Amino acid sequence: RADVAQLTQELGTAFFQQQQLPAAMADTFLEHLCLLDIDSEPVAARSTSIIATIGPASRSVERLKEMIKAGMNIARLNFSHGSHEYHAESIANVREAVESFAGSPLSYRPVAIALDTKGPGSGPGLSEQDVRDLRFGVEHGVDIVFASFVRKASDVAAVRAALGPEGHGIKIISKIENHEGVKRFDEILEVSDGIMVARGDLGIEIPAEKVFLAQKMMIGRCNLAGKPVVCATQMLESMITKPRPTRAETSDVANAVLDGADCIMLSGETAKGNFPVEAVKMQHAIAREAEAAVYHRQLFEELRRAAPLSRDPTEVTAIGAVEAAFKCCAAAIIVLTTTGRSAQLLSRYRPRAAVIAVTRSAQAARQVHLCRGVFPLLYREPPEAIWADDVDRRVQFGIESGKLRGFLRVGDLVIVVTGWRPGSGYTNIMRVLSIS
């Protein structure tokens, strides 16, 4: 009790009963489980991003506005079906729906566009259709590529080459779908930006009863590497026809979040199903409950112990900031980022505090949805003459936007992460600020 007594007196007992905080303070994993409480309500914003596949059930601008409101963060275009003309219209409709909320900069939500490739088929590597589809992706400014049937490091090098010199900023998420991809996982992860556990094909390529082992291992290795991992396929399958999911489906979504997935996905549930918006709402509801049930006490200790020593100041600042956020139960960590990297390094330590990422890059704002707990804020104001004033204005934008979006209140403590000079790669400062 002494470790939380003064803060319980200051913040109140009501604060410490919410968001599974009694289970979070437990000394063992067994006690953590025993203290999980269905009456302990989640308070934090939902941190695991939702990827929704766009199809006939979710293609209209009106339907896409409801999906964005329900929680969709990434729109997936499955290039296994449909023409380039069909996908270009889907992209235009997503952008029209997203930009319909841009009139209010303090609330606008960026939505990433991901292109999922058809795959190699019977071939040994990059197919001719994939080369044409990847060129379409670059020409239409997609943010992410979900590369199908990645079996080795040379497969991701071929995808990177097909994106050309103009597609250097596109994130490549390698889909692991067969035995070879699982066995060569380390070499694939090393050259990829992240991984997708593509359970549909994986469950037919390897015994169905072994898929959970591959999922848990790949999520663990991605968490260790600090790279995004997506759990995909049949998560809420019965909602293609029914308005409510099965008990196994809610369990599956909760367990993917507890395992450590940065993103969760919907395929037929949103592409062709009867209830696309309800499927997004269900993933949102479960993910929020599961995030609060994470046992941060052991998780943070293990992430620190396993993460190798680092001389990179962004990495050093990130661990200091996450430690500081846990010490004061900070509502948020506000970070300035150009590429998203400083926010990704905070996310890898799995803070309970929201990572509010302020950026001028529209593409980085879309791409950071791949990292658990990163909430992108697109800053549109022109630069101040004095760089230090421009930094301060962006920090104040994060604080004000946070206070006007549900994140912060007067008296809260916030951790602020910034750098010593302009340009990417120089994050080195952590500050503790009291919200006024």
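The first residue of the shown sequence is 1; numbering continues from there. Just so we're on the same page, rigid core means the largest C-alpha set that superposes within 1.5 Å between forms.
Rigid core superposition in 8 other deposited structures of this protein puts the Cα atoms of one stretch, out of 207 to 215 and 103 to 111, farther from the shown form on average, and that stretch is 103 to 111. Greater C-alpha displacement in 8 other deposited structures of this protein (rigid core superposition, RMS over structures and residues), of 375 to 383 versus 22 to 30: 375 to 383.
Averaged over CA atoms, B-factors in the entry run higher in 151 to 159 than in the other of 285 to 293 and 151 to 159. Mean C-alpha B-factor is higher over 408 to 416 than over the other stretch, the pair under comparison being 17 to 25 and 408 to 416.
Out of 76, 305, 341, 327, it is 305 whose C-alpha atom has the highest B-factor in the PDB entry.
Of the candidates 146, 212, 300, 101, it is 101 whose Cα B-factor is highest according to the PDB record.
In this PDB entry, the Cα temperature factor of residue 60 sits in the top third of its chain's modelled residues, the highest group. Among the modelled residues of the chain, residue 251 sits in the lowest third by CA temperature factor in this PDB entry. In the deposited entry, the Cα temperature factor of residue 2 sits in the top third of values across the chain's modelled residues.
Per the PDB record, residue ranking by Cα B-factor puts residue 389 in the highest third of the chain. In the PDB entry, residue 41 places in the middle third of its chain by CA B-factor.
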